[PDB]
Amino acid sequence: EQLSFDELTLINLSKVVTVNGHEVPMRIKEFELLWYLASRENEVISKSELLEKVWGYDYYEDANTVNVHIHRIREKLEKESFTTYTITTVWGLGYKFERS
């Protein structure tokens, strides 16, 4: 389907992210993680949950893999000057996609 938030839009079917119509390409886990959050605008999510759904129940890499990918997405967005929304780190609690 489709998700948009001002200049930004997310197309699941193709795993494409665009800002002002310009593709900001992203690896699949980055897109899928951002989709998850933006489907749930304004909800706080736990790293645990994020990793569980996005990377797998089984996923066994020992990293701040979620918290590395959040930063990655934010970098990518801010590069293209999208600011109106963001992922907010809610310390101790999880991650939030909402308006800046």
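Numbering starts at 1 and runs along the sequence shown.
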property: Entry-level comparison of average CA B-factors, 76-84 and 16-24, reporting the higher stretch; result: 76-84
property: Residue stretch of maximal mean CA temperature factor, 65-73 vs 39-47; result: 39-47
property: Within-chain third of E52 by Cα B-factor, per the entry; result: middle
property: Chain third (lowest, middle, highest) by recorded CA B-factor, residue given as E30; result: lowest
property: CA B-factor ranking of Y95, expressed as a third of its chain; result: lowest
